[PDB]
Every structure is written in structure tokens, then in C-alpha cells.
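*Asks:* Protein chains in written order, with the deposited numbering: chain A, 202 to 253; chain C, 46 to 304.
Please find one structure pasted underneath; my questions will follow.
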Ligand SMILES: *[C@@H]1O[C@H](CO)[C@@H](O[C@@H]2O[C@H](CO)[C@@H](O[C@@H]3O[C@H](CO[C@H]4O[C@H](CO[C@H]5O[C@H](CO)[C@@H](O)[C@H](O)[C@@H]5O)[C@@H](O)[C@H](O)[C@@H]4O)[C@@H](O)[C@H](O[C@H]4O[C@H](CO)[C@@H](O)[C@H](O)[C@@H]4O)[C@@H]3O)[C@H](O)[C@H]2NC(C)=O)[C@H](O)[C@H]1NC(C)=O
Ligand SMILES: *[C@@H]1O[C@H](CO)[C@@H](O[C@@H]2O[C@H](CO)[C@@H](O)[C@H](O)[C@H]2NC(C)=O)[C@H](O)[C@H]1NC(C)=O
Ligand SMILES: *[C@@H]1O[C@H](CO)[C@@H](O[C@@H]2O[C@H](CO)[C@@H](O)[C@H](O)[C@H]2NC(C)=O)[C@H](O)[C@H]1NC(C)=O
């Protein structure tokens, strides 16, 4: 329900912002959209914050 | 002991770059016209100070990776990926610049096409290409970053534009940036150059609402077991030597050297 959106992942060693992109892509496994995957390693005593 | 001359290696002549570096050969610099002919080689030779590369200023993304990929290449087959007169009917493809001379005139690269407005409007752009040549295809393009908003408005009729290049292994979106820059070769704008390799059976899609230096010619590469790049100043002549150094050729069977 929004033309523009953002994802923010903040930690004490991670701080990144992601903006979705819309385009026409070749079909892989029958789908044209994409999902990009990300990972991090939380240390003991640390806090991770997800905003979306 | 060495001859002091570059020469043959197993019956195949080397590719002498001359006054061009790798950027001027792959982009099609106007002073590097003799290097754009279907051919094959054994190795590549460089003059140490070659000053005919990117005549329009900018950043070549991943130069050294392109050099490492072009080290183990035997031959290329240059073909026309997008015909200039056919594929762009709603834009003006006649774009020249004074930062790249040719014969006391102004010209552009021989493998790229500068697209500008036509009849006061820049329509949306979307092209595709499918690889069917059973080998890898090297594709090159560029994104323009002007100096002021008046240049952008006079050449593209939009303040905001974007370029999108999507393949099955490449997916990247580009936005132009406008700022004040120091003058390099008489121009303050920039053009940033980019490259990719299409696998066999893959499709590349270009989309643009502005600021695109579209591809014109592409290379079909073949791999080989033994090749390399040598930086040297010795003149080319004839031999059939099995060993080659930058300082000359070697013909013996002793197990060591100090050349
Ligand atoms: C601090 O920095 C910021 C950012 O760097 C500065 O913000 C910029 O200020 C300038 C000047 O105020 C703005 O330019 C203005 O844009 C207006 C909106 O443009 C609309 O109309 C355009 C019409 O296009 C036609 O005209 C242009 C020339 O304007 C031609 O180049 C073009 O070929 C066409 O013929 C549309 O194209 C556009 O999409 C918009 O719909 C303009 O109205 C305005 O024009 C005035 O100035 C012209 C001379 O430049 C003159 O010829 C006109 O008659 C008119 O008087 C002007 O171009 C920037 O848009 C603005 N940037 C942003 C991001 O907003 C800020 O000014 C600066 N602070 C200080 C103190 O300098
Ligand atoms: C190819 O290289 C030559 C020299 O290596 C370039 O000639 C120089 O051009 C600049 C202008 O940018 C002059 O200031 C120099 O005086 C020129 N030097 C000589 C020796 O002529 C030439 O412009 C290059 N051509 C391209 C297309 O990049
Ligand atoms: C370089 O090789 C390409 C093929 O890789 C040649 O392009 C072919 O040219 C012939 C004759 O015009 C056409 O019938 C083919 O359809 C073309 N093939 C492709 C895929 O474009 C090109 O002409 C060669 N150039 C030379 C001789 O330097």
C-alpha cells in the first residue's frame, strides 16, 4: 500500500538501509521478482533493531 | 643471454597494443581503430606508458578484474549487439565530443552510442538481448554525470533519470549525480564505464529514462590454456621461440635463468 518503502537494520556493528527497486527481470524459477538475503552475527550483550 | 626482441610463440603472433591500454581497446578509442578486427593471438604486449585510454574522464569499474579475465583469452569475435540505425528510431544517435579528437575533428568511441533528445522529447528506453553464440559475450556501457542542471535539461529533458541493467547474474540500478568538478581534458562532466560477461543462454535487459551511453559492439571470447600480458619496450620481429620475457626471448635447455 505504499509506492516507497525502506528497511533499516541497526546494531552496534551493523547499520544498513535498504530501498526496494522495481524493474522488469528475466524469469528464474517462474518468478520475476527477487528477494535479497542478508545475515549478521550478534555479540553477547548487543541489541538489534529492525525498522520497516 | 636473450635476443632483445619480442617475437613469435608456437607459430602465433602476439597482439601489440601499441599506444592503447586495455580501456581504449575494449571501448573503441578512435586512435585504436587497427585493433578492432576479428583475430587471434598467443599473448598481449603493452607499452609501459600508454596514454590512449578513456579520453572522456570517468571511472572504469573493475579494471583489474577485466585485465585478469582478459589474460586467459585466445580470440575474440567482434559483433554488432545493437544496430545503430535500426534500434534507436526515436532518439538522436549522432553524439560527438571535443574531448576525443580524431583527425583534427571531434568523435566518440567506436563501440558505444551517445543518445540525446529527438524533437524535444526523450522517450522511455527498454531493450533486450539473448546470447546464442555458444560462448561468453563481453558487454560494455556507460552512465553520464553532467556538470549542471541546464546541461541535463537540454540533453535529456528530465531532472531525475535512472539506468537499470538486469541479467541472471547482474542486477544493478544507477542514478546520475550533478556537481561541480575540476576540469580533466577540458571537460567537467563525467562518464562512468561498466562491463559484464553474458553466459550462453542468458538474457540482458537495459532500461533507461535518461543518461545512457548504449552499447554498439560486443566481443565473443574464447578461452585458452596458455597466454598472458607482458609489459615491454622491445621491437617485434620473427622467431619461433618457446620462451618469452619482457626483455627478449630465450632459446636453451638449462634449468635456470637470471634475466
Ligand atoms: C542551493 O543549492 C540548491 C541545489 O543545488 C539550489 O536549488 C536549485 O535552485 C535552482 C535555482 O533556483 C533551481 O532551478 C530552477 O528550477 C525551476 C523549476 O524547473 C521547472 O521548469 C523546468 C522548465 O525547463 C525549461 O527551463 C530550463 C531552465 O530552467 C531549461 O534548462 C530547459 O531546457 C527548459 O527550457 C522543467 O524542466 C523542470 O522539470 C521544472 O518543472 C525553474 O523554474 C527555474 O527557472 C528559472 O531560472 C532559469 C535560469 O536557470 C530561467 O531561464 C527561467 O526563466 C526561470 O527564471 C530554475 O531553473 C533548481 O531546481 C534547484 N534545485 C533543486 C534540486 O530543487 C539553491 O538555489 C541553492 N541556493 C542558492 C541561494 O543558490
Ligand atoms: C592519444 O594520446 C596522445 C598522446 O599520448 C594524445 O595527444 C595529447 O593530447 C593532449 C590533449 O588532451 C595534449 O595536451 C597533448 O599535447 C597531446 N600530446 C601529443 C604528443 O600529441 C591524444 O589526445 C590521445 N587521443 C585520444 C583520442 O585520447
Ligand atoms: C567478425 O566475426 C563476426 C561473426 O562472429 C562476423 O559477423 C558475421 O558477418 C557475416 C557476414 O556479414 C554475417 O552473415 C553473420 O551473420 C555475422 N554474424 C554475427 C553473429 O554478427 C563479422 O563480420 C566479422 N568481422 C570481420 C570480418 O572483421
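Beta carbons: idealized from backbone N, C-alpha and C, even for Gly.
From this set, 110/C, 147/C, 118/C, which residue's C-alpha is nearest residue 74/C's C-alpha?
*Replies:* Of the listed residues, the one whose Cα sits closest to residue 74/C is 147/C.
*Asks:* Which residues in the same chain as residue 179/C place their Cβ atom closer than 8 Å to its Cβ, once the five residues preceding and following it in sequence are excluded?
*Replies:* Excluding sequence neighbours, residue 179/C sits near 245.
*Asks:* So what does DSSP say about residue 26/C, is it helix, strand or coil?
*Replies:* There is no way to answer for residue 26/C, as the model of chain C reaches only from 46 to 304.
*Asks:* Could you name the residues, in chain order, whose CB is less than 7 Å away from a heavy atom belonging to ligand 5?
*Replies:* Of the ligands this structure carries, namely ligand 1, ligand 2 and ligand 3, none is ligand 5.
*Asks:* So with CB distances below 9 Å, who are the chain C contacts of residue 227/A?
*Replies:* Under the 9 Å cutoff, chain C gives 173, 211, 212, 213, 247, 248, 249, 250.
*Asks:* Closer than 9 Å by beta-carbon distance: list the chain C residues that pair up with residue 244/A, in chain order.
*Replies:* Those do not exist, as residue 244/A stays about 32 Å from chain C at its closest Cβ, beyond 9 Å.
*Asks:* Using a Cβ-Cβ cut-off of 7 Å (strictly less than) and excluding sequence neighbours within five positions of residue 86/C, which residues of its own chain qualify?
*Replies:* Excluding sequence neighbours, residue 86/C sits near 57, 58, 59, 60.
*Asks:* Against chain A, with Cβ distances strictly below 9 Å, would residue 216/C count as a contact?
*Replies:* Yes - at least one Cβ of chain A is within 9 Å of the one on residue 216/C.
*Asks:* Compare the Cα-Cα distances from residue 81/C to each of 250/C, 154/C, 187/C and report the closest residue.
*Replies:* If we check each option's Cα against that of residue 81/C, 154/C comes out closest.
*Asks:* If you count every other CB in all the chains shown that lies within 10 Å of the CB of residue 234/C, and 16 or more means buried, which is it?
*Replies:* So residue 234/C counts as buried.
*Asks:* Does any C-beta atom of chain C lie closer than 9 Å to the C-beta of residue 206/A?
*Replies:* Output row for residue 206/A: interface = no.
*Asks:* Could you give the residue range of the beta strand (DSSP E) that holds residue 289/C?
*Replies:* Residues 288-290.
*Asks:* Runs of 4 residues minimum, wholly inside the region 175-230 of chain C: which ones carry the alpha helix (DSSP H) assignment?
*Replies:* Within the region 175-230 of chain C, the complete alpha helix (DSSP H) runs of at least 4 residues are 194-201.
*Asks:* Using the C-alpha atoms, what's the distance from residue 279/C back to residue 204/C?
*Replies:* So the alpha carbons of these two residues sit roughly 52 Å apart.
*Asks:* If you measure between the beta carbons of residue 158/C and residue 259/C, is that distance less than 9 Å?
*Replies:* Going by C-beta atoms, residue 158/C is nearer than 9 Å to residue 259/C.
*Asks:* Measuring CB to CB, does residue 142/C end up less than 9 Å from residue 201/C?
*Replies:* In this structure, residue 201/C does not lie closer than 9 Å to residue 142/C by Cβ.
*Asks:* What residue range does the beta strand (DSSP E) around residue 116/C cover?
*Replies:* Premise fails: residue 116/C lies in the alpha helix (DSSP H), 108-116, not in any beta strand (DSSP E).
*Asks:* So, for residue 209/A: in the same chain, excluding its five sequence neighbours on each side, which residues have a beta-carbon less than 7 Å away from its beta-carbon?
*Replies:* Within the same chain, residue 209/A has close Cβ partners 218, 252.
*Asks:* Along the chain, where does the beta strand (DSSP E) that runs through residue 267/C open and close?
*Replies:* Segment 262-268, the beta strand (DSSP E) holding residue 267/C.
*Asks:* So residue 277/C and residue 300/C are supposed to be a Cβ contact under 8 Å. How far apart are they, rounded?
*Replies:* Between residue 300/C and residue 277/C the Cβ distance is about 24 Å, and since that is not below 8 Å, they are no contact.
*Asks:* What do you reckon, are the CB atoms on residue 305/C and residue 181/C nearer than 9 Å?
*Replies:* The shown model of chain C, from 46 to 304, leaves out residue 305/C, and the question about it has no answer.
*Asks:* For the structure I just gave you, are there three or more beta carbon pairs, one from the region 223-241 of chain C and one from the region 187-194 of chain C, closer than 8 Å?
*Replies:* Counting Cβ pairs under 8 Å, three or more are found: they touch.
*Asks:* Report the partner residues of residue 57/C according to the DSSP bridge assignment.
*Replies:* According to DSSP, residue 57/C bridges with 54/C.
*Asks:* Just to check, is the beta-carbon of residue 198/C closer than 8 Å to a non-hydrogen atom of ligand 1?
*Replies:* The answer is yes for residue 198/C.
*Asks:* For ligand 1, is there a heavy atom less than 8 Å away from the beta-carbon of residue 236/A?
*Replies:* Result no, Cβ not under 8 Å from ligand 1.
*Asks:* Are the Cβ atoms of residue 254/C and residue 183/C separated by less than 9 Å?
*Replies:* No, they are not a contact pair.
*Asks:* Run through DSSP, which three-state label would residue 130/C get?
*Replies:* Three-state result, residue 130/C: helix.
*Asks:* Assign residue 79/C to one of three DSSP states: helix, strand, or coil.
*Replies:* In the structure shown, residue 79/C sits in a helix (DSSP, three-state: H, G or I).
*Asks:* Note down the Cα distance separating residue 232/C from residue 226/C, rounded to an integer number of angstroms.
*Replies:* Whole-angstrom Cα-Cα distance: 9 Å.
*Asks:* Tell me the DSSP bridge mates of residue 123/C?
*Replies:* The partner list for residue 123/C (beta bridge, DSSP) reads 264/C.
*Asks:* Quick one: measure Cβ to Cβ for residue 76/C and residue 97/C, integer angstroms, because I've assumed they're closer than 8 Å.
*Replies:* About 5 Å separates the two Cβ atoms, so the contact holds.
*Asks:* Comparing the CB of residue 230/A with every heavy atom of ligand 1, is any distance shorter than 8 Å?
*Replies:* No, the beta carbon of residue 230/A sits no closer than 8 Å to any heavy atom of ligand 1.
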